[PDB]
Amino acid sequence: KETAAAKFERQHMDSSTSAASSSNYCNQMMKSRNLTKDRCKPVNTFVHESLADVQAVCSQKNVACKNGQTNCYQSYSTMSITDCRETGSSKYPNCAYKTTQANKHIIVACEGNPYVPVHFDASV
């Protein structure tokens, strides 16, 4: 099956755009990366950076994840991100999101060898 590292790239990477271009970015990206297949995922963030700079965050500032684990790392620098959150008119299978573009540090959890990101924790 799909690895955890691969799932993180499918759900959170968008190196092909520098930022969200319009209010429909979340609606199309959510559908196209298959994040609405079984149900509407309520929150999800896309990162508009090269995959090498996001993988490097596993060698940056070690911090505690929101749930207590200690395999979390925070970016020394801010990154371009898009936050997608479900709207009031969202109704499966027609999931609807609100697009929010912004610049913040990212917090991810890392695992394996090579040691890479496997989950998006938060943006701060």
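Residue numbering: from 1, along the chain as shown.
Per the header of the entry, the method used was X-ray crystallography, 1.9 Å.
Cβ coordinates come from backbone N, Cα and C, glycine included.
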Taking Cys26 as one end of a disulfide recorded in Swiss-Prot, give the other end from among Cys65, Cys72, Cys84.
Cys84
Quick one: which of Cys40, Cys58 does Swiss-Prot link to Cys110 by a disulfide?
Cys58
Determine, on the basis of Swiss-Prot, the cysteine among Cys72, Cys95 paired with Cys40 in a disulphide.
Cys95
If you measure from the C-alpha of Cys58 (disulfide bond), which of the recorded positions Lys7, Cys40, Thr45, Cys72, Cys84, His119 fall inside 10 Å?
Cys72
So which recorded positions out of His12, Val43, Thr45 end up within 10 angstroms of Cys84 (disulfide bond), measuring C-alpha to C-alpha?
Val43, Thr45
Report, in whole Å, the straight Cα-to-Cα distance of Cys72 (disulfide bond) from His119 (active site, proton donor).
9
Return only the integer: C-alpha distance in Å from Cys40 (disulfide bond) to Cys72 (disulfide bond).
26
Taking only same-chain residues 6+ apart in sequence, whose CB is under 8 Å from that of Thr45 (substrate binding site), what do you get?
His12, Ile81, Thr82, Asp83, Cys84, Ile106, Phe120, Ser123
